Structures are given as C-alpha cells and as structure tokens.
$ cat protein-v3.cif   # mmCIF, C-alpha atoms
data_work
loop_
_atom_site.group_PDB
_atom_site.id
_atom_site.type_symbol
_atom_site.label_atom_id
_atom_site.label_comp_id
_atom_site.auth_asym_id
_atom_site.auth_seq_id
_atom_site.Cartn_x
_atom_site.Cartn_y
_atom_site.Cartn_z
ATOM 1 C CA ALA J 1 -8.954 39.531 66.851
ATOM 2 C CA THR J 2 -6.273 37.126 67.588
ATOM 3 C CA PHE J 3 -5.458 35.340 70.757
ATOM 4 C CA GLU J 4 -2.759 32.644 70.816
ATOM 5 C CA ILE J 5 -3.199 30.228 73.729
ATOM 6 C CA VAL J 6 -0.026 28.409 74.816
ATOM 7 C CA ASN J 7 0.515 25.645 77.368
ATOM 8 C CA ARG J 8 3.964 26.275 78.927
ATOM 9 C CA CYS J 9 3.043 23.971 81.829
ATOM 10 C CA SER J 10 4.641 20.526 82.118
ATOM 11 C CA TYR J 11 1.132 18.851 82.222
ATOM 12 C CA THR J 12 -1.570 18.838 79.571
ATOM 13 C CA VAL J 13 -4.400 21.322 79.846
ATOM 14 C CA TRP J 14 -7.675 21.572 77.980
ATOM 15 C CA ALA J 15 -8.082 25.186 77.120
ATOM 16 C CA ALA J 16 -11.565 26.722 76.975
ATOM 17 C CA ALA J 17 -12.886 30.006 75.432
ATOM 18 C CA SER J 18 -16.511 31.070 75.935
ATOM 19 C CA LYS J 19 -18.750 34.095 76.435
ATOM 20 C CA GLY J 20 -21.144 32.684 78.360
ATOM 21 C CA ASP J 21 -23.824 31.421 75.954
ATOM 22 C CA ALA J 22 -21.668 30.347 73.001
ATOM 23 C CA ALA J 23 -18.227 29.083 72.166
ATOM 24 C CA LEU J 24 -15.457 31.341 70.981
ATOM 25 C CA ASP J 25 -13.835 29.810 67.919
ATOM 26 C CA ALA J 26 -13.824 26.041 68.464
ATOM 27 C CA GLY J 27 -14.585 26.499 72.315
ATOM 28 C CA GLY J 28 -11.862 24.399 73.493
ATOM 29 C CA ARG J 29 -8.947 22.201 72.632
ATOM 30 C CA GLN J 30 -6.369 19.908 74.185
ATOM 31 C CA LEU J 31 -2.913 21.341 74.607
ATOM 32 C CA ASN J 32 -0.083 19.037 75.472
ATOM 33 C CA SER J 33 3.089 20.913 77.055
ATOM 34 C CA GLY J 34 4.419 23.256 74.655
ATOM 35 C CA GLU J 35 1.428 23.297 72.291
ATOM 36 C CA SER J 36 -0.039 26.797 70.898
ATOM 37 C CA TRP J 37 -3.669 27.215 69.711
ATOM 38 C CA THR J 38 -4.535 30.505 67.953
ATOM 39 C CA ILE J 39 -8.275 31.573 67.819
ATOM 40 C CA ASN J 40 -10.290 34.081 66.280
ATOM 41 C CA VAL J 41 -12.622 36.261 68.364
ATOM 42 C CA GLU J 42 -14.971 38.813 66.858
ATOM 43 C CA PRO J 43 -14.399 42.556 67.394
ATOM 44 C CA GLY J 44 -16.761 43.998 69.976
ATOM 45 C CA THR J 45 -17.051 40.830 72.082
ATOM 46 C CA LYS J 46 -18.221 41.366 75.485
ATOM 47 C CA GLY J 47 -17.381 39.501 78.627
ATOM 48 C CA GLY J 48 -15.175 36.867 77.035
ATOM 49 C CA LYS J 49 -13.235 34.363 79.120
ATOM 50 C CA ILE J 50 -10.305 31.999 78.546
ATOM 51 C CA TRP J 51 -9.368 29.304 81.076
ATOM 52 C CA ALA J 52 -7.551 25.984 81.495
ATOM 53 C CA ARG J 53 -9.150 22.715 82.497
ATOM 54 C CA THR J 54 -7.186 19.944 84.179
ATOM 55 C CA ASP J 55 -7.418 16.166 84.421
ATOM 56 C CA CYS J 56 -10.028 15.719 81.652
ATOM 57 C CA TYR J 57 -11.371 12.714 79.786
ATOM 58 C CA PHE J 58 -13.306 13.102 76.538
ATOM 59 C CA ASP J 59 -14.612 10.501 74.266
ATOM 60 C CA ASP J 60 -14.667 10.245 70.561
ATOM 61 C CA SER J 61 -17.506 12.806 70.320
ATOM 62 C CA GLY J 62 -16.280 15.036 72.724
ATOM 63 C CA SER J 63 -18.251 14.630 75.873
ATOM 64 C CA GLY J 64 -16.602 13.860 79.176
ATOM 65 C CA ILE J 65 -15.465 15.375 82.487
ATOM 66 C CA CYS J 66 -12.625 17.497 83.860
ATOM 67 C CA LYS J 67 -11.575 17.832 87.482
ATOM 68 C CA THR J 68 -11.269 21.612 87.219
ATOM 69 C CA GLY J 69 -13.147 23.914 84.905
ATOM 70 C CA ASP J 70 -15.613 21.665 83.353
ATOM 71 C CA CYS J 71 -18.119 23.339 81.004
ATOM 72 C CA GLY J 72 -21.122 21.035 81.090
ATOM 73 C CA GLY J 73 -19.150 17.921 80.195
ATOM 74 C CA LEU J 74 -18.143 19.378 76.558
ATOM 75 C CA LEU J 75 -14.664 19.357 75.016
ATOM 76 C CA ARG J 76 -15.866 22.419 73.032
ATOM 77 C CA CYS J 77 -17.185 24.884 75.613
ATOM 78 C CA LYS J 78 -20.155 26.774 74.860
ATOM 79 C CA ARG J 79 -20.659 27.801 78.514
ATOM 80 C CA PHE J 80 -18.409 28.886 81.362
ATOM 81 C CA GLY J 81 -16.422 26.587 83.612
ATOM 82 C CA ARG J 82 -16.952 25.021 87.001
ATOM 83 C CA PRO J 83 -14.554 26.635 89.700
ATOM 84 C CA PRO J 84 -11.766 26.601 90.603
ATOM 85 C CA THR J 85 -10.686 28.316 87.365
ATOM 86 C CA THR J 86 -8.141 31.097 86.967
ATOM 87 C CA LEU J 87 -9.742 33.440 84.421
ATOM 88 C CA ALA J 88 -8.530 35.568 81.541
ATOM 89 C CA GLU J 89 -11.359 38.044 80.914
ATOM 90 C CA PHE J 90 -11.940 40.522 78.115
ATOM 91 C CA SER J 91 -14.395 42.773 76.329
ATOM 92 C CA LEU J 92 -13.170 44.116 72.995
ATOM 93 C CA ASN J 93 -13.744 47.336 71.007
ATOM 94 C CA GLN J 94 -15.629 49.200 73.711
ATOM 95 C CA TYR J 95 -16.382 52.347 72.284
ATOM 96 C CA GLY J 96 -12.291 52.523 71.002
ATOM 97 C CA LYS J 97 -10.716 50.250 73.615
ATOM 98 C CA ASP J 98 -10.451 46.630 74.657
ATOM 99 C CA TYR J 99 -10.267 45.856 78.542
ATOM 100 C CA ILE J 100 -8.376 42.916 79.943
ATOM 101 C CA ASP J 101 -8.137 41.334 83.261
ATOM 102 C CA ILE J 102 -7.232 38.203 85.177
ATOM 103 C CA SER J 103 -9.743 37.183 87.854
ATOM 104 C CA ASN J 104 -9.324 34.806 91.037
ATOM 105 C CA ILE J 105 -13.040 35.426 91.847
ATOM 106 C CA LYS J 106 -13.779 31.840 90.820
ATOM 107 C CA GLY J 107 -10.766 30.473 92.270
ATOM 108 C CA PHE J 108 -7.387 29.483 90.874
ATOM 109 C CA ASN J 109 -6.247 26.312 89.114
ATOM 110 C CA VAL J 110 -3.391 27.225 86.710
ATOM 111 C CA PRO J 111 -0.911 30.149 86.705
ATOM 112 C CA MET J 112 -1.408 32.568 83.852
ATOM 113 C CA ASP J 113 0.060 35.427 81.874
ATOM 114 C CA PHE J 114 -2.467 37.430 79.647
ATOM 115 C CA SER J 115 -0.248 39.888 77.600
ATOM 116 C CA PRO J 116 -1.017 42.045 74.569
ATOM 117 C CA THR J 117 0.855 40.955 71.164
ATOM 118 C CA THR J 118 0.244 44.391 69.589
ATOM 119 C CA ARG J 119 1.724 48.113 71.379
ATOM 120 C CA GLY J 120 0.014 50.449 73.802
ATOM 121 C CA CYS J 121 -0.814 48.530 76.837
ATOM 122 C CA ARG J 122 0.874 46.078 79.463
ATOM 123 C CA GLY J 123 -0.203 42.611 80.321
ATOM 124 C CA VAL J 124 -1.365 41.025 83.572
ATOM 125 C CA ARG J 125 -0.189 37.884 85.361
ATOM 126 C CA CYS J 126 -0.888 35.596 88.322
ATOM 127 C CA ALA J 127 1.915 33.029 88.683
ATOM 128 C CA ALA J 128 2.244 32.494 92.389
ATOM 129 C CA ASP J 129 1.764 28.507 93.979
ATOM 130 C CA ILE J 130 -1.696 29.570 95.076
ATOM 131 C CA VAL J 131 -2.711 25.738 95.138
ATOM 132 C CA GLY J 132 0.512 25.122 97.320
ATOM 133 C CA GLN J 133 -0.503 27.449 99.865
ATOM 134 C CA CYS J 134 -4.140 27.627 99.580
ATOM 135 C CA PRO J 135 -6.005 27.900 102.921
ATOM 136 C CA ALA J 136 -7.483 23.782 103.847
ATOM 137 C CA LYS J 137 -11.078 24.955 103.708
ATOM 138 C CA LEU J 138 -10.607 26.388 100.196
ATOM 139 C CA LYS J 139 -8.680 23.421 98.781
ATOM 140 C CA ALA J 140 -10.307 21.452 96.222
ATOM 141 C CA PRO J 141 -10.188 17.894 96.054
ATOM 142 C CA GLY J 142 -10.022 17.541 92.464
ATOM 143 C CA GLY J 143 -7.340 20.230 92.241
ATOM 144 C CA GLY J 144 -7.032 23.999 92.659
ATOM 145 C CA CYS J 145 -7.909 26.608 95.263
ATOM 146 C CA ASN J 146 -11.594 27.597 95.447
ATOM 147 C CA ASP J 147 -12.906 31.076 96.103
ATOM 148 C CA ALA J 148 -14.758 31.640 99.375
ATOM 149 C CA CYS J 149 -18.227 32.406 97.409
ATOM 150 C CA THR J 150 -17.986 28.822 96.024
ATOM 151 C CA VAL J 151 -17.134 27.162 99.351
ATOM 152 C CA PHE J 152 -19.565 29.142 101.670
ATOM 153 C CA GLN J 153 -22.347 30.814 99.649
ATOM 154 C CA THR J 154 -22.684 33.921 101.842
ATOM 155 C CA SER J 155 -23.743 37.385 100.782
ATOM 156 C CA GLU J 156 -20.497 38.747 102.064
ATOM 157 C CA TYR J 157 -18.223 36.432 100.037
ATOM 158 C CA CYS J 158 -20.483 36.573 96.982
ATOM 159 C CA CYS J 159 -21.180 40.313 97.294
ATOM 160 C CA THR J 160 -24.872 39.604 96.785
ATOM 161 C CA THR J 161 -26.128 42.920 98.188
ATOM 162 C CA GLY J 162 -23.574 44.944 96.226
ATOM 163 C CA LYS J 163 -21.900 45.841 99.527
ATOM 164 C CA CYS J 164 -19.029 43.616 100.609
ATOM 165 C CA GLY J 165 -15.555 44.032 102.014
ATOM 166 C CA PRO J 166 -12.230 42.299 101.579
ATOM 167 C CA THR J 167 -12.083 39.127 103.612
ATOM 168 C CA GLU J 168 -9.338 36.918 104.978
ATOM 169 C CA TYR J 169 -9.798 34.783 101.963
ATOM 170 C CA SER J 170 -9.947 37.515 99.332
ATOM 171 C CA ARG J 171 -6.785 39.026 100.820
ATOM 172 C CA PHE J 172 -4.960 35.237 100.592
ATOM 173 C CA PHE J 173 -5.506 35.769 96.675
ATOM 174 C CA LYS J 174 -4.633 39.455 96.542
ATOM 175 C CA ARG J 175 -1.180 38.495 98.714
ATOM 176 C CA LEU J 176 -0.160 36.339 96.102
ATOM 177 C CA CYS J 177 -1.540 38.078 92.914
ATOM 178 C CA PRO J 178 -1.945 41.582 93.278
ATOM 179 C CA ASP J 179 -2.775 42.224 89.642
ATOM 180 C CA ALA J 180 -5.771 39.853 89.639
ATOM 181 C CA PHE J 181 -9.266 40.499 91.009
ATOM 182 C CA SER J 182 -9.557 38.898 94.458
ATOM 183 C CA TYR J 183 -13.305 39.527 95.094
ATOM 184 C CA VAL J 184 -16.233 41.083 93.243
ATOM 185 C CA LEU J 185 -15.720 44.688 94.416
ATOM 186 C CA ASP J 186 -11.925 44.728 94.359
ATOM 187 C CA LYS J 187 -10.304 47.910 93.115
ATOM 188 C CA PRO J 188 -10.125 47.158 89.369
ATOM 189 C CA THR J 189 -6.810 45.899 88.005
ATOM 190 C CA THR J 190 -8.274 46.044 84.493
ATOM 191 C CA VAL J 191 -6.048 47.081 81.591
ATOM 192 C CA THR J 192 -7.336 49.297 78.783
ATOM 193 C CA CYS J 193 -5.867 48.434 75.367
ATOM 194 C CA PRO J 194 -6.462 49.891 71.898
ATOM 195 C CA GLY J 195 -9.520 48.494 70.182
ATOM 196 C CA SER J 196 -8.796 45.432 68.031
ATOM 197 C CA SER J 197 -5.606 44.425 69.833
ATOM 198 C CA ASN J 198 -4.265 40.869 69.749
ATOM 199 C CA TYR J 199 -3.193 38.836 72.766
ATOM 200 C CA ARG J 200 -1.317 35.840 74.122
ATOM 201 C CA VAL J 201 -2.522 33.739 77.038
ATOM 202 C CA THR J 202 0.405 31.800 78.541
ATOM 203 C CA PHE J 203 -0.331 29.068 81.087
ATOM 204 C CA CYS J 204 2.554 28.539 83.477
ATOM 205 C CA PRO J 205 4.496 31.107 82.292
ATOM 206 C CA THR J 206 7.368 30.963 84.484
ATOM 207 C CA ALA J 207 7.576 27.200 83.761
#
$ encode --input "protein-v3.cif" --output "structure tokens"
Amino acid sequence: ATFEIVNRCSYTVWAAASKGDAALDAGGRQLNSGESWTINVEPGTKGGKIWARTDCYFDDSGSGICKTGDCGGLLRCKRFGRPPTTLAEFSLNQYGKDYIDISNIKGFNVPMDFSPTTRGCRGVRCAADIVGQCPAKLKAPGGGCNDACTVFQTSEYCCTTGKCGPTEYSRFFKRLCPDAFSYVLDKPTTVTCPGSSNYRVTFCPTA
C-alpha cells in the first residue's frame, strides 16, 4: 500500500514510520515545508504508526536527537517514538478491511489529517492548538503536550488494570479532538476502510 506523507507545516519535521520492531519503508525522512514523501507498506501490516518529530539533529550517518518523537536516536526509525507524539495508526488487510485512527494517548506534538486516497471510507483529523492550550503540568519542555500516563505513571492514567475512566486530562484532548483517542479505553473513533486502501498523512493541514 501507499501512504504519501506531506509536511504542510511552516517548520521542518522529520517524519517517522514504524511498527514497533522494524522500520516501514526507509523509517524516516526529513521533510522541509511543503515536501511529500511516499512509502510503501506491506499488505496485512499490523499496528503501524506514522508520526512527526520536531527540532532534530542528525549527523552524516544518521544518528542524533529530536526534541519530540525520538526513536532511539535514529533518523531511520526502526522503533516507536518518545512522547509527546500525535499518532497516525493503522493495521491493514484485516480479514477484508484496513482500520485507521489518530491517537493522543501519547500526547500531541503536530496537528494531523490521516485521510484515505482511494473510495469507501472517511478520514480522521486532529488540528486544534493543543500545545497552545495544553494544561502547565502536561507541557513539555522540549515541545508538545504530554499525555497524563507519561507525566504521572498511575494505573488510572495508564489503564494498567484494564479498568480506567476518562480523566480531566483525557477530556482536555477529547475537547479539542473528538475524533482522536484521548485515553486507552476511549470509545473507538477507528475508521474501517477497504483492504489495500491508500492514504495521505498531512501534517498541519489547515496551515
């Protein structure tokens, strides 16, 4: 399948695409404002993620640091990213359908549209100034708005017993992005698409 990753923000991002234990396609790439990067993801992939990283440095080999979303210091992510990271999430060709979501369960750093480029299903977006509003205790220094599990490490915020409720903090993300997951046991805002669909991830969409 095809995703096309586009930086419509006015600042450079370093896009990342991983499943958790391996890169997807090249695993990451720099995107100056306006730049599109199309990748190939295998049918049937489960639990894929696409995110932006901000304020990176990488040397000639590719090793470095980013202030949000860092994946073990690699330009080319083979693992997932340090919060706060807005997440595009997907598992493809499940049993005849792909399933797409955007998640604020690791926080928010960059606004995002994650829309299908082929018919049958609707996209999802979170574009609100979450970082401008973010509650003080959830602010990150380095940039972004952390989730409460990251800041406080409690069973309730992390949903560690499998029983957790909405919180004042989950609800701050759900007031501003209804269509995105705001905590682990949120009512699912997942989208079911035909198997083998293609997609576009747009950072800053409304930019």
$ atom_distance --input "protein-v3.cif" --atom1 "CA of residue 131 in chain J" --atom2 "CA of residue 108 in chain J"
7.4 Å
$ resolve_selection --input "protein-v3.cif" --expression "the PyMOL selection byres ((chain J and resi 102) around 12)" --output "VMD selection string"
chain J and resid 48 to 51 85 to 90 99 to 101 103 to 108 110 to 115 123 to 127 173 to 174 177 to 183 188 to 191 201 to 202
$ write_last_selection --input "protein-v3.cif" --atoms "C-alpha atoms" --output "PDB file, in the frame of the given file"
ATOM      1  CA  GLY J  48     -15.175  36.867  77.035  1.00  0.00           C
ATOM      2  CA  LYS J  49     -13.235  34.363  79.120  1.00  0.00           C
ATOM      3  CA  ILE J  50     -10.305  31.999  78.546  1.00  0.00           C
ATOM      4  CA  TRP J  51      -9.368  29.304  81.076  1.00  0.00           C
ATOM      5  CA  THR J  85     -10.686  28.316  87.365  1.00  0.00           C
ATOM      6  CA  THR J  86      -8.141  31.097  86.967  1.00  0.00           C
ATOM      7  CA  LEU J  87      -9.742  33.440  84.421  1.00  0.00           C
ATOM      8  CA  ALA J  88      -8.530  35.568  81.541  1.00  0.00           C
ATOM      9  CA  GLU J  89     -11.359  38.044  80.914  1.00  0.00           C
ATOM     10  CA  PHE J  90     -11.940  40.522  78.115  1.00  0.00           C
ATOM     11  CA  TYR J  99     -10.267  45.856  78.542  1.00  0.00           C
ATOM     12  CA  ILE J 100      -8.376  42.916  79.943  1.00  0.00           C
ATOM     13  CA  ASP J 101      -8.137  41.334  83.261  1.00  0.00           C
ATOM     14  CA  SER J 103      -9.743  37.183  87.854  1.00  0.00           C
ATOM     15  CA  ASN J 104      -9.324  34.806  91.037  1.00  0.00           C
ATOM     16  CA  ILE J 105     -13.040  35.426  91.847  1.00  0.00           C
ATOM     17  CA  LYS J 106     -13.779  31.840  90.820  1.00  0.00           C
ATOM     18  CA  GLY J 107     -10.766  30.473  92.270  1.00  0.00           C
ATOM     19  CA  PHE J 108      -7.387  29.483  90.874  1.00  0.00           C
ATOM     20  CA  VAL J 110      -3.391  27.225  86.710  1.00  0.00           C
ATOM     21  CA  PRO J 111      -0.911  30.149  86.705  1.00  0.00           C
ATOM     22  CA  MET J 112      -1.408  32.568  83.852  1.00  0.00           C
ATOM     23  CA  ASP J 113       0.060  35.427  81.874  1.00  0.00           C
ATOM     24  CA  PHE J 114      -2.467  37.430  79.647  1.00  0.00           C
ATOM     25  CA  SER J 115      -0.248  39.888  77.600  1.00  0.00           C
ATOM     26  CA  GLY J 123      -0.203  42.611  80.321  1.00  0.00           C
ATOM     27  CA  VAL J 124      -1.365  41.025  83.572  1.00  0.00           C
ATOM     28  CA  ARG J 125      -0.189  37.884  85.361  1.00  0.00           C
ATOM     29  CA  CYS J 126      -0.888  35.596  88.322  1.00  0.00           C
ATOM     30  CA  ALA J 127       1.915  33.029  88.683  1.00  0.00           C
ATOM     31  CA  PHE J 173      -5.506  35.769  96.675  1.00  0.00           C
ATOM     32  CA  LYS J 174      -4.633  39.455  96.542  1.00  0.00           C
ATOM     33  CA  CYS J 177      -1.540  38.078  92.914  1.00  0.00           C
ATOM     34  CA  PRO J 178      -1.945  41.582  93.278  1.00  0.00           C
ATOM     35  CA  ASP J 179      -2.775  42.224  89.642  1.00  0.00           C
ATOM     36  CA  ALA J 180      -5.771  39.853  89.639  1.00  0.00           C
ATOM     37  CA  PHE J 181      -9.266  40.499  91.009  1.00  0.00           C
ATOM     38  CA  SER J 182      -9.557  38.898  94.458  1.00  0.00           C
ATOM     39  CA  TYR J 183     -13.305  39.527  95.094  1.00  0.00           C
ATOM     40  CA  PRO J 188     -10.125  47.158  89.369  1.00  0.00           C
ATOM     41  CA  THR J 189      -6.810  45.899  88.005  1.00  0.00           C
ATOM     42  CA  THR J 190      -8.274  46.044  84.493  1.00  0.00           C
ATOM     43  CA  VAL J 191      -6.048  47.081  81.591  1.00  0.00           C
ATOM     44  CA  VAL J 201      -2.522  33.739  77.038  1.00  0.00           C
ATOM     45  CA  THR J 202       0.405  31.800  78.541  1.00  0.00           C
TER      46      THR J 202
END
$ residues_around --input "protein-v3.cif" --residues "residue 43 in chain J" --least-positions-apart "2" --cutoff "8 Å" --atoms "all atoms listed in the file" --output "VMD selection string"
chain J and resid 1 41 45 92 to 93 196
$ atom_distance --input "protein-v3.cif" --atom1 "CA of residue 197 in chain J" --atom2 "CA of residue 44 in chain J"
11.2 Å
$ axis_aligned_box --input "protein-v3.cif" --around "range 125-129 of chain J" --padding-each-side "4 Å" --output "AutoDock Vina command-line options"
--center_x 0.7 --center_y 33.2 --center_z 89.7 --size_x 11.1 --size_y 17.4 --size_z 16.6
$ resolve_selection --input "protein-v3.cif" --expression "the PyMOL selection byres ((chain J and resi 16) around 7)" --output "compact mmCIF listing (two decimals) with C-alpha atoms, in the frame of the given file"
# COMPACT_ATOMS: atom_id res chain seq x y z
CA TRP J 14 -7.68 21.57 77.98
CA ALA J 15 -8.08 25.19 77.12
CA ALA J 17 -12.89 30.01 75.43
CA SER J 18 -16.51 31.07 75.94
CA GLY J 27 -14.58 26.50 72.32
CA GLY J 28 -11.86 24.40 73.49
CA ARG J 29 -8.95 22.20 72.63
CA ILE J 50 -10.30 32.00 78.55
CA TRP J 51 -9.37 29.30 81.08
CA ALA J 52 -7.55 25.98 81.50
CA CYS J 77 -17.18 24.88 75.61
$ atom_distance --input "protein-v3.cif" --atom1 "CA of residue 34 in chain J" --atom2 "CA of residue 119 in chain J"
25.2 Å
$ closest_residue --input "protein-v3.cif" --among "J:91, J:151, J:75, J:141" --to "residue 60 in chain J" --atoms "only C-alpha atoms"
J:75
$ residues_near_point --input "protein-v3.cif" --point "(-18.6, 24.9, 93.7)" --cutoff "9 Å" --atoms "all atoms listed in the file" --output "count of residues only"
9
$ residues_around --input "protein-v3.cif" --residues "residue 118 in chain J" --least-positions-apart "2" --cutoff "10 Å" --atoms "all atoms listed in the file" --output "list in words"
residues 2, 115, 116, 120, 121, 193, 194, 196, 197, 198, 199 and 200 of chain J
$ write_last_selection --input "protein-v3.cif" --atoms "C-alpha atoms" --output "CSV table (one decimal), in the coordinates of the input"
chain,number,residue,atom,x,y,z
J,2,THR,CA,-6.3,37.1,67.6
J,115,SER,CA,-0.2,39.9,77.6
J,116,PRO,CA,-1.0,42.0,74.6
J,120,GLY,CA,0.0,50.4,73.8
J,121,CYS,CA,-0.8,48.5,76.8
J,193,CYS,CA,-5.9,48.4,75.4
J,194,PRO,CA,-6.5,49.9,71.9
J,196,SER,CA,-8.8,45.4,68.0
J,197,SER,CA,-5.6,44.4,69.8
J,198,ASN,CA,-4.3,40.9,69.7
J,199,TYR,CA,-3.2,38.8,72.8
J,200,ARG,CA,-1.3,35.8,74.1
$ resolve_selection --input "protein-v3.cif" --expression "the PyMOL selection byres ((chain J and resi 66-68) around 7)" --output "PyMOL selection string"
chain J and resi 53-57+65+69-70+82-85+142-143
$ write_last_selection --input "protein-v3.cif" --atoms "C-alpha atoms" --output "compact mmCIF listing (two decimals), keeping the file's coordinate frame"
# COMPACT_ATOMS: atom_id res chain seq x y z
CA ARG J 53 -9.15 22.72 82.50
CA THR J 54 -7.19 19.94 84.18
CA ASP J 55 -7.42 16.17 84.42
CA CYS J 56 -10.03 15.72 81.65
CA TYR J 57 -11.37 12.71 79.79
CA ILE J 65 -15.46 15.38 82.49
CA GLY J 69 -13.15 23.91 84.90
CA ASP J 70 -15.61 21.66 83.35
CA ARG J 82 -16.95 25.02 87.00
CA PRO J 83 -14.55 26.64 89.70
CA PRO J 84 -11.77 26.60 90.60
CA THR J 85 -10.69 28.32 87.36
CA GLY J 142 -10.02 17.54 92.46
CA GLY J 143 -7.34 20.23 92.24
$ closest_residue --input "protein-v3.cif" --among "J:168, J:59, J:98, J:4" --to "residue 38 in chain J" --atoms "all atoms listed in the file"
J:4
$ closest_residue --input "protein-v3.cif" --among "J:109, J:30, J:117, J:170" --to "residue 129 in chain J" --atoms "all atoms listed in the file"
J:109
$ decode --input "protein-v3.cif" --residues "range 56-74 of chain J" --atoms "N, CA and C atoms" --output "mmCIF file, in the first residue's frame"
data_model
loop_
_atom_site.group_PDB
_atom_site.id
_atom_site.type_symbol
_atom_site.label_atom_id
_atom_site.label_comp_id
_atom_site.auth_asym_id
_atom_site.auth_seq_id
_atom_site.Cartn_x
_atom_site.Cartn_y
_atom_site.Cartn_z
ATOM 1 N N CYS J 56 15.056 18.207 15.375
ATOM 2 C CA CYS J 56 16.069 17.169 15.305
ATOM 3 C C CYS J 56 17.428 17.724 14.885
ATOM 4 N N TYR J 57 18.445 16.906 15.156
ATOM 5 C CA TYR J 57 19.780 16.973 14.593
ATOM 6 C C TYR J 57 20.188 15.545 14.275
ATOM 7 N N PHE J 58 20.734 15.332 13.082
ATOM 8 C CA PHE J 58 21.282 14.041 12.698
ATOM 9 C C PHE J 58 22.602 14.277 11.988
ATOM 10 N N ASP J 59 23.517 13.408 12.350
ATOM 11 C CA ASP J 59 24.761 13.510 11.582
ATOM 12 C C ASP J 59 24.740 12.564 10.384
ATOM 13 N N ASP J 60 26.076 12.714 9.767
ATOM 14 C CA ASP J 60 26.174 12.171 8.418
ATOM 15 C C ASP J 60 25.644 10.744 8.316
ATOM 16 N N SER J 61 25.603 9.999 9.422
ATOM 17 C CA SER J 61 25.248 8.585 9.396
ATOM 18 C C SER J 61 23.816 8.305 9.837
ATOM 19 N N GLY J 62 23.482 9.420 10.365
ATOM 20 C CA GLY J 62 22.076 9.299 10.694
ATOM 21 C C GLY J 62 21.778 9.199 12.171
ATOM 22 N N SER J 63 22.403 9.285 12.984
ATOM 23 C CA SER J 63 22.246 9.213 14.427
ATOM 24 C C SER J 63 22.154 10.632 14.962
ATOM 25 N N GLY J 64 21.358 10.811 16.010
ATOM 26 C CA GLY J 64 21.171 12.145 16.543
ATOM 27 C C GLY J 64 20.134 12.192 17.642
ATOM 28 N N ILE J 65 19.373 13.292 17.700
ATOM 29 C CA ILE J 65 18.360 13.509 18.731
ATOM 30 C C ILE J 65 17.274 14.408 18.169
ATOM 31 N N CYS J 66 16.041 14.198 18.612
ATOM 32 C CA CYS J 66 14.935 15.114 18.351
ATOM 33 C C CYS J 66 14.291 15.506 19.667
ATOM 34 N N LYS J 67 13.701 16.693 19.710
ATOM 35 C CA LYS J 67 13.068 17.141 20.948
ATOM 36 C C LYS J 67 11.687 16.539 21.170
ATOM 37 N N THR J 68 10.974 16.169 20.112
ATOM 38 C CA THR J 68 9.800 15.322 20.260
ATOM 39 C C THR J 68 9.933 14.129 19.340
ATOM 40 N N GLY J 69 9.463 12.987 19.812
ATOM 41 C CA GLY J 69 9.351 11.807 18.989
ATOM 42 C C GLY J 69 10.636 11.078 18.678
ATOM 43 N N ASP J 70 11.508 11.123 19.313
ATOM 44 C CA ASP J 70 12.784 10.483 19.040
ATOM 45 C C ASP J 70 12.620 8.970 19.098
ATOM 46 N N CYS J 71 13.201 8.260 18.138
ATOM 47 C CA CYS J 71 13.142 6.797 18.099
ATOM 48 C C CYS J 71 14.545 6.230 18.299
ATOM 49 N N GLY J 72 15.023 6.287 19.537
ATOM 50 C CA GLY J 72 16.329 5.722 19.838
ATOM 51 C C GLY J 72 17.474 6.398 19.126
ATOM 52 N N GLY J 73 17.354 7.696 18.859
ATOM 53 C CA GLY J 73 18.447 8.492 18.348
ATOM 54 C C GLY J 73 18.755 8.334 16.878
ATOM 55 N N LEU J 74 17.747 7.456 15.980
ATOM 56 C CA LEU J 74 17.935 7.110 14.580
ATOM 57 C C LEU J 74 17.139 8.048 13.680
#
